[PDB]
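Input: a single structure, listed below in structure tokens.
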Amino acid sequence: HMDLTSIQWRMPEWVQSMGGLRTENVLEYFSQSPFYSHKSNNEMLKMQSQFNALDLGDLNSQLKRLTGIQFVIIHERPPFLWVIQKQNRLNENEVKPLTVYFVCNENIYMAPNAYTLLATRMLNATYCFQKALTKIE
């Protein structure tokens, strides 16, 4: 297979067509890239929405109800960067960070592994805390 840690992707013809990148549409941009995965809860939602002609509103709330591969925005600095995280959602309370990507100046590429490491360390500490609170009652 082609190694995605060694490429950058950029599709200027889409950006112009949409009037520039915005938090509103950055994830859609990401969807046309080889980093996207059609196995994702993201994709499943895109199609229920189109097929049923339905507005499903806040994505993040829709993702909480599902399990599997997910893509979420975890950092916003319009109009230059957004940071996206691929994660495997285990349930409504747990998520496993898989990889993170940068969308910098319309360029998409995987961030160094350390960012994923930081993410999981953040989540682990959070989850350890929450499991610790369930016991007091």
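Each chain in the structure tokens gets a letter, A, B, ..., in the order shown, and its residues are numbered from 1; ligands are numbered from 1 in order too.
Near residue 79 of chain A, within a cut-off of 7 Å and counting only C-alpha atoms, sit the residues residues 21, 22, 77 and 81 of chain A, with same-chain residues fewer than 2 positions away left out.
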For the residues in the current selection, export C-alpha atoms as a tab-separated table (two decimals), in the first residue's frame.
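Output below, filename out_26.tsv:
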```
chain	number	residue	atom	x	y	z
A	21	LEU	CA	-12.18	26.80	3.96
A	22	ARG	CA	-14.40	27.21	6.99
A	77	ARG	CA	-7.76	28.61	13.90
A	81	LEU	CA	-5.57	25.80	10.20
```
Requested in this report: Tell me which protein, DNA and RNA residues are within 10 Å of residue 42 of chain A, counting only C-alpha atoms, leaving out same-chain ones fewer than 4 positions away, and put them as a PyMOL selection string.
Outcome: chain A and resi 27-28+31+36-38+46-47+59-60+62-63+66+68-72
Query raised in the report: Per DSSP on the backbone, what are the strand (DSSP E) residues of segment 38-91 of chain A, as a PyMOL selection string?
Result: chain A and resi 68-77+81-89
Requested in this report: List every residue of chain A that DSSP, applied to the backbone of this structure, assigns to helix (DSSP H, G or I), and report them as a ChimeraX atom specification.
Outcome: /A:4-6,12-17,26-31,41-51,59-64,113-133
Query raised in the report: Near residue 80 of chain A, counting only C-alpha atoms, which residues have an atom at most 8 Å away, once you skip same-chain residues fewer than 4 positions from it, shown as a ChimeraX atom specification?
Result: /A:103-106
Would you mind exporting N, CA, C and O atoms of the selected residues as a CSV table (one decimal), in the first residue's frame?
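In the end it all went to result.csv:
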```
chain,number,residue,atom,x,y,z
A,103,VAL,N,-4.8,20.4,8.7
A,103,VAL,CA,-5.3,21.1,7.5
A,103,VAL,C,-4.7,22.5,7.5
A,103,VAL,O,-5.3,23.4,8.0
A,104,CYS,N,-3.5,22.7,7.0
A,104,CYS,CA,-2.8,23.9,7.1
A,104,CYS,C,-2.6,24.5,5.7
A,104,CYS,O,-2.0,24.0,4.8
A,105,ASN,N,-3.2,25.7,5.5
A,105,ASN,CA,-3.3,26.4,4.2
A,105,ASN,C,-3.8,25.5,3.1
A,105,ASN,O,-3.2,25.5,2.0
A,106,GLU,N,-4.9,24.8,3.4
A,106,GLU,CA,-5.5,23.9,2.4
A,106,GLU,C,-4.7,22.6,2.1
A,106,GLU,O,-5.1,21.8,1.3
```
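The residue that comes closest to residue 35 of chain A, out of A:134, A:8, A:48, A:126 and on the basis of only C-alpha atoms, is A:8.
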Requested in this report: For segment 112-117 of chain A, please output as a list in words all residues within 8 Å (counting only C-alpha atoms; exclusion window: fewer than 2 positions along the same chain).
Outcome: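 These residues fall inside the cut-off: residues 97, 98, 99, 100, 110, 119, 120 and 121 of chain A.
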Report task. Rank nothing, just name the residue among A:107, A:136, A:73, A:130 nearest to residue 12 of chain A, using only C-alpha atoms. Result ->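 When distances to residue 12 of chain A are compared using only C-alpha atoms, the smallest one comes from A:107.
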Report task. Extract, using only C-alpha atoms, all DNA, RNA and protein residues at most 12 Å from residue 14 of chain A, discarding same-chain residues fewer than 4 positions from it, and format them as a PyMOL selection string. Result -> chain A and resi 10+18-21+25-26+28-33+106
Let me see the file: selected residues, N, CA, C and O atoms, as an mmCIF file, in the first residue's frame.
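File again-v4.cif, as written:
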```
data_model
loop_
_atom_site.group_PDB
_atom_site.id
_atom_site.type_symbol
_atom_site.label_atom_id
_atom_site.label_comp_id
_atom_site.auth_asym_id
_atom_site.auth_seq_id
_atom_site.Cartn_x
_atom_site.Cartn_y
_atom_site.Cartn_z
ATOM 1 N N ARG A 10 -3.805 18.390 -1.552
ATOM 2 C CA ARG A 10 -4.383 19.718 -1.669
ATOM 3 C C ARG A 10 -5.225 19.798 -2.930
ATOM 4 O O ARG A 10 -4.745 19.480 -4.018
ATOM 5 N N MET A 18 -16.069 26.393 -3.102
ATOM 6 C CA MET A 18 -16.818 26.503 -1.848
ATOM 7 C C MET A 18 -16.598 27.833 -1.121
ATOM 8 O O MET A 18 -17.097 28.030 -0.007
ATOM 9 N N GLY A 19 -15.850 28.740 -1.748
ATOM 10 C CA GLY A 19 -15.612 30.059 -1.187
ATOM 11 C C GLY A 19 -14.637 30.075 -0.024
ATOM 12 O O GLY A 19 -14.750 30.907 0.882
ATOM 13 N N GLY A 20 -13.679 29.151 -0.048
ATOM 14 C CA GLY A 20 -12.644 29.087 0.971
ATOM 15 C C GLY A 20 -12.985 28.158 2.119
ATOM 16 O O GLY A 20 -14.150 27.821 2.343
ATOM 17 N N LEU A 21 -11.966 27.743 2.862
ATOM 18 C CA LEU A 21 -12.181 26.804 3.957
ATOM 19 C C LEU A 21 -12.810 27.472 5.166
ATOM 20 O O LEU A 21 -12.430 28.577 5.554
ATOM 21 N N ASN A 25 -17.202 23.610 6.728
ATOM 22 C CA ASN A 25 -17.006 22.680 5.611
ATOM 23 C C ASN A 25 -15.658 21.942 5.540
ATOM 24 O O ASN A 25 -15.460 21.098 4.660
ATOM 25 N N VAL A 26 -14.745 22.246 6.457
ATOM 26 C CA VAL A 26 -13.419 21.627 6.434
ATOM 27 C C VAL A 26 -13.451 20.085 6.426
ATOM 28 O O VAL A 26 -12.667 19.440 5.732
ATOM 29 N N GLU A 28 -15.698 18.258 5.152
ATOM 30 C CA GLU A 28 -16.134 17.799 3.841
ATOM 31 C C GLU A 28 -14.936 17.776 2.906
ATOM 32 O O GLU A 28 -14.783 16.862 2.092
ATOM 33 N N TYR A 29 -14.091 18.796 3.037
ATOM 34 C CA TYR A 29 -12.831 18.879 2.315
ATOM 35 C C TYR A 29 -12.016 17.628 2.592
ATOM 36 O O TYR A 29 -11.539 16.951 1.672
ATOM 37 N N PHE A 30 -11.876 17.329 3.877
ATOM 38 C CA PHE A 30 -11.119 16.178 4.331
ATOM 39 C C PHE A 30 -11.652 14.903 3.691
ATOM 40 O O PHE A 30 -10.888 13.991 3.395
ATOM 41 N N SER A 31 -12.962 14.859 3.450
ATOM 42 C CA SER A 31 -13.613 13.679 2.864
ATOM 43 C C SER A 31 -13.180 13.340 1.440
ATOM 44 O O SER A 31 -13.302 12.194 1.013
ATOM 45 N N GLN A 32 -12.695 14.327 0.700
ATOM 46 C CA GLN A 32 -12.279 14.087 -0.672
ATOM 47 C C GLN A 32 -10.811 13.641 -0.724
ATOM 48 O O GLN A 32 -10.255 13.403 -1.800
ATOM 49 N N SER A 33 -10.198 13.511 0.449
ATOM 50 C CA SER A 33 -8.772 13.216 0.538
ATOM 51 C C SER A 33 -8.548 11.737 0.838
ATOM 52 O O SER A 33 -9.446 11.062 1.353
ATOM 53 N N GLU A 106 -4.870 24.802 3.398
ATOM 54 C CA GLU A 106 -5.519 23.908 2.433
ATOM 55 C C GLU A 106 -4.711 22.634 2.142
ATOM 56 O O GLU A 106 -5.113 21.798 1.325
#
```
Report task. Work out how far apart atom CA of residue 65 of chain A and atom CA of residue 92 of chain A are and give it in Å to one decimal. Result ->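 The value is 6.3 Å.
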